[PDB]
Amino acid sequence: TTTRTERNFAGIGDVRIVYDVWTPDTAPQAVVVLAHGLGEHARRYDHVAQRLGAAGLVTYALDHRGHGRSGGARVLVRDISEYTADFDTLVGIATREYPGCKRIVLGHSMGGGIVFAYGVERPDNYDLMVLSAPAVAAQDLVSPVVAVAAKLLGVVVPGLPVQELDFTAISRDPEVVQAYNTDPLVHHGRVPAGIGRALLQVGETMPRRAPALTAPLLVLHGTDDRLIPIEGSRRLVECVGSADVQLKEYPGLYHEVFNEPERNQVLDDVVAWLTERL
C-alpha cells in the first residue's frame, strides 16, 4: 500500500544523488527523511518505509554520495558537511512537496551521526528526530593511531583505508549478514580516512553541540551492539537539550535494530512514539 518512486538531485560537487520517495495510499500525516549508514544504501530500508507508510508517513531516503545508486567515488567524503548538505537538500525537497506536514529526521549509525549533525545545525528545520545506534562517539571506538591518521589524512587522501569492520556484527540473523555480503551495492572494504574524519568531526563536538538539539528525540540501541557500543547513546541522551528524550534499549539485539529478528517490535515502538508526538 506504499509505493516507491525513484528520483535524483544534484548534490554538492554536482554528484548525482538518487533518492526514494515512499508514499502511502492514505492522507499523509508527516514526512520522514531517512539517512542510511556507512557502506549501505536506502534500499536496505524498504520494510522500514513500508511500516512507516502503514502509519500514514511519507518517507524520503537518499543514497549518500559514494553509496548505492548515487554517484561519487565509493565511500569518499572529506567533511561531514558534504553529507549534511545533501541531507539538507532532501529535507528541502520534502518540505516543498508536503509543506503542511511535520518533518521527522531519522538516521542509522553513520546516518545517525549525519542526522545529529544536521539537527544541531538546523534545529528549527524539523519537528522530531529518531536515531538508530547513532555514530556520535566515534573517537571512543578507534585507537588514537587511527584517529590521528584519519584527522591528518582525511582531506588529502580520503580514500585511504584506516580500519577494518566486523560485518558479522551488523545483525544476529545470518540471513541479514548474508544479504549484506552478497549485495553488489554495498561497500565490502575498510573504513576510509575521509569518513573517519567526518565521524570524528561529529563525535568530538557532540557534548558541546547537543544542547542545541531541543526537538523530541528517540534513540534506539541494541544492548549487544558490537559495532557502536550502547554507552555512546546513553551519553548522547544525557547531553541533548530536549526535555522529551528517550533511549529505548533492546536487550540482546545487535547493531541494525531495524533488521534484527525483533524488527517489527522495534518499528512498533517507533510508530507509537511518532504517533504520540505529531
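Start at 1 and count along the sequence shown; that's the residue number.
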item: Between the two ranges 115 to 123 and 181 to 189, the one averaging a larger CA B factor in the entry; value: 181 to 189
item: Residue range whose averaged C-alpha B-factor is higher in the record, 62 to 70 or 42 to 50; value: 42 to 50
item: Selection from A243, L236, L34, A212 [criterion: highest C-alpha temperature factor in the record]; value: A212
item: Candidate set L128, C101, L131, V75 [ranked by C-alpha B-factor, highest]; value: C101
item: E260 by Cα B-factor - lowest, middle or highest third of the modelled chain; value: middle
item: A30 - which third its CA temperature factor falls in, relative to the rest of the chain; value: highest
item: Modelled-residue ranking by C-alpha temperature factor, third containing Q201; value: middle
item: Third of the chain's Cα B-factor distribution that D79 belongs to, per the entry; value: middle
item: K248 - Cα temperature factor, lowest/middle/highest third of chain; value: middle
